[PDB]
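Note sheet for the following structure.
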Ligand code: HEC
Ligand code: HEC
């Protein structure tokens, strides 16, 4: 769907920005600093589910750019494992949210965050 | 979920960028320049549905910035009518996609596009 590599870069950066907001906005809830409303969180995690599937198709071959490391494309299988593992961590978060289980939500949230960082450490260029 | 107005601006711009991609990528399909696969379009319109609900919460009071006109906030009811009308146009597009009805999809696509433009004409600052 991208006319030039720049368009893929802009898409993925936008998708990832939206994920960071839908993930990060739950930090106060998991810390207990904001109240836990199970329905609110269930709905938010459903948005996060949708969003979490979107970036990867915008790293199609030849879409070097942005802060994407070239290793994304030189070992495609490894990158795919990391995004699939991240999405399965999102599945655990969805299960927790759908169950209304705050303890499970906290644990899953932490595992999701670790999975974001694991990918960044391998595949995101440093500042 | 936004620490500063800039964060709301960045969110909404990202959301709208993603909508433009999920909407616009169907242009060749509705024109017949690319093939029509009903399942593919159904899935894409479901993503567009989700995305189409997201920008509006990021125009909360005091989030002037970006290319948002101030009139968004001075007549809140009118802006709300436009976003709600746009989302109902998206409902028509979803119905068409879910039905696998290409004629209905073309018509709905055009009405959606008109609704994007109607809002921009009133509420988006010019270049
Ligand atoms: C887990 C919930 C997250 C969160 C919160 C974020 N990511 Fe990542 N990310 C990856 C790569 C390769 C990039 C660079 C993209 C490019 O510049 O081309 C990024 C970038 C981001 C951003 C910045 C977006 C921007 O505005 O430029 C943000 C906010 C972000 N990420 C948050 C790669 C990955 C992964 C590889 C499989 C995974 C998993 C994640 N990111 C997960 C997350
Ligand atoms: C219908 C499917 C669409 C499409 C394809 C787009 N929009 Fe809009 N839009 C609105 C406002 C107020 C702005 C400015 C936001 C800001 O700068 O603070 C925009 C902006 C955009 C963009 C640019 C995003 C960016 O990267 O900066 C794009 C690509 C975009 N839009 C596409 C307002 C509205 C509406 C008011 C109710 C409606 C409806 C739409 N937009 C619909 C659409």
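Chains as they are written, first to last, in the working numbering: chain C, 1 to 127; chain U, 128 to 254.
A virtual CB, placed ideally from N, CA and C, is assigned to each residue, including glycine.
is_contact[residue 190 of chain U, chain C] using C-beta, thresh 9 angstroms: Position 63 of the second chain holds residue 190 of chain U. Closer than 9 angstroms: no.
Own chain residues within Cβ distance below 8 angstroms of residue 137 of chain C, not counting five before or after: Given a span of 1 to 127 for chain C in the structure shown, any question on residue 137 of chain C remains unanswerable.
Contacts of residue 128 of chain U in chain C (Cβ-Cβ under 7 angstroms): As a working note, residue 128 of chain U is residue 1 in the second chain. Residues of chain C with a Cβ closer than 7 angstroms to the Cβ of residue 128 of chain U are, in chain order, 21, 25.
The alpha helix (DSSP H) enclosing residue 233 of chain U, as first and last residue numbers: Here residue 233 of chain U refers to the residue found at position 106 of the second chain. DSSP places residue 233 of chain U in the uninterrupted alpha helix (DSSP H) bounded by 229-250.
Partners in chain U for residue 15 of chain C, counting only beta-carbon separations shorter than 7 angstroms: Locating residue 15 of chain C in the first chain gives position 15, counting from the first residue. At a beta-carbon threshold of 7 angstroms, the residues of chain U lying near residue 15 of chain C are 145, ordered along the chain.
Residue 177 of chain U beta carbon near ligand 1 (any heavy atom closer than 8 angstroms): The sequence position of residue 177 of chain U within the second chain is 50, counting from 1. No, since every heavy atom of ligand 1 falls outside the 8 angstroms radius drawn around the Cβ of residue 177 of chain U.
Residue 164 of chain U, enclosing alpha helix (DSSP H) - first and last residue: On the second chain, position 37 is the one that residue 164 of chain U refers to. Premise fails: residue 164 of chain U is in no alpha helix (DSSP H) and is neither H nor E.
Neighbourhood of residue 189 of chain U by C-beta, 7 angstroms cutoff - its chain only, sequence neighbours within 5 removed: On the second chain, residue 189 of chain U is found 62 positions in, with the first residue counted as 1. Excluding sequence neighbours, residue 189 of chain U sits near 132.
C-alpha distance - residue 80 of chain C paired with residue 74 of chain C, whole-angstrom precision: Here the question's residue 80 of chain C lines up with position 80 in the first chain. Here the question's residue 74 of chain C lines up with position 74 in the first chain. In a straight line, the C-alpha of residue 80 of chain C is about 12 angstroms away from that of residue 74 of chain C.
Given residue 39 of chain C as reference, the closest of C:2, C:59, C:11, C:95 once Cα atoms are compared: Taking the first chain and counting its residues from 1, the one referred to as residue 39 of chain C is at position 39. When the alpha-carbon of residue 39 of chain C is set against those of C:2, C:59, C:11, C:95, the nearest one is in C:95.
Limits of the unbroken alpha helix (DSSP H) element including residue 210 of chain U: Counted from its first residue, the second chain places residue 210 of chain U at position 83. Element bounds for residue 210 of chain U: 203-226.
Residue-level contact to chain C via CB, residue 220 of chain U, 9 angstroms cutoff: What you label residue 220 of chain U is simply residue 93 of the second chain in a count that begins at 1. So no, residue 220 of chain U is outside the interface.
Residue closest to residue 1 of chain C, alpha-carbon to alpha-carbon, out of U:218, U:219, U:153: Here residue 1 of chain C refers to the residue found at position 1 of the first chain. Residue U:153 is the option with its Cα nearest to residue 1 of chain C.
Rounded distance between the beta-carbons of residue 8 of chain C and residue 58 of chain C, thought under 8 angstroms: Taking the first chain and counting its residues from 1, one reaches residue 58 of chain C at position 58. Taking the first chain and counting its residues from 1, one reaches residue 8 of chain C at position 8. Going by Cβ atoms, the distance from residue 58 of chain C to residue 8 of chain C rounds to 5 angstroms, so yes, they are a contact pair.
Contact test: residue 143 of chain U Cβ vs ligand 2 heavy atom, cutoff 8 angstroms: To locate residue 143 of chain U, count along the second chain from 1; it is residue 16. True, at least one ligand heavy atom lies under 8 angstroms from that Cβ.
Coil, strand or helix - residue 130 of chain U by DSSP: The sequence position of residue 130 of chain U within the second chain is 3, counting from 1. Residue 130 of chain U: coil per DSSP, three-state reduction.
Enclosing alpha helix (DSSP H) for residue 190 of chain U [first to last residue]: Numbered from its first residue, the second chain carries residue 190 of chain U at position 63. In the DSSP assignment, residue 190 of chain U falls outside any alpha helix (DSSP H) and carries neither an H nor an E.
The stretch 159-174 of chain U in contact with the stretch 104-114 of chain C per 3-pair CB rule at 8 angstroms: Remark: fewer than three beta-carbon pairs, one from each stretch, lie closer than 8 angstroms, so the stretch 159-174 of chain U and the stretch 104-114 of chain C are not flagged as touching.
Pairwise C-alpha distance: residue 139 of chain U and residue 196 of chain U: Residue mapping note: residue 196 of chain U aligns to position 69 of the second chain, counting from 1. Residue mapping note: residue 139 of chain U aligns to position 12 of the second chain, counting from 1. Inter-residue distance for residue 196 of chain U and residue 139 of chain U is about 14 angstroms (C-alpha atoms, whole angstroms).
Burial state of residue 252 of chain U (16 or more Cβ within 10 Å): Here residue 252 of chain U refers to the residue found at position 125 of the second chain. Residue 252 of chain U sits exposed, since fewer than 16 C-beta atoms from the chains shown fall within 10 Å of its C-beta.
Reference residue 117 of chain C; option with closest CA among C:98, C:45, C:89: If you number the first chain from 1, residue 117 of chain C lands on position 117. Per the C-alpha coordinates, the member of C:98, C:45, C:89 positioned closest to residue 117 of chain C is C:89.
Own chain residues within Cβ distance below 6 angstroms of residue 168 of chain U, not counting five before or after: Here residue 168 of chain U corresponds to residue number 41 of the second chain, with the count starting at 1. Hits under 6 angstroms: 224.
Secondary structure of residue 180 of chain U, DSSP reduced to three states: Residue mapping note: residue 180 of chain U aligns to position 53 of the second chain, counting from 1. Of the three classes helix, strand and coil, the one that applies to residue 180 of chain U here is coil, per DSSP.
Same chain only: Cβ atoms within 7 angstroms of residue 90 of chain U, ignoring 5 sequence neighbours per side: No statement about residue 90 of chain U is possible, as the shown extent of chain U runs from 128 to 254 and does not include it.
Pairwise C-alpha distance: residue 172 of chain U and residue 228 of chain U: In the second chain, the residue the question calls residue 228 of chain U occupies position 101. In the second chain, the residue the question calls residue 172 of chain U occupies position 45. Approximately 13 angstroms, taken between the alpha carbons.
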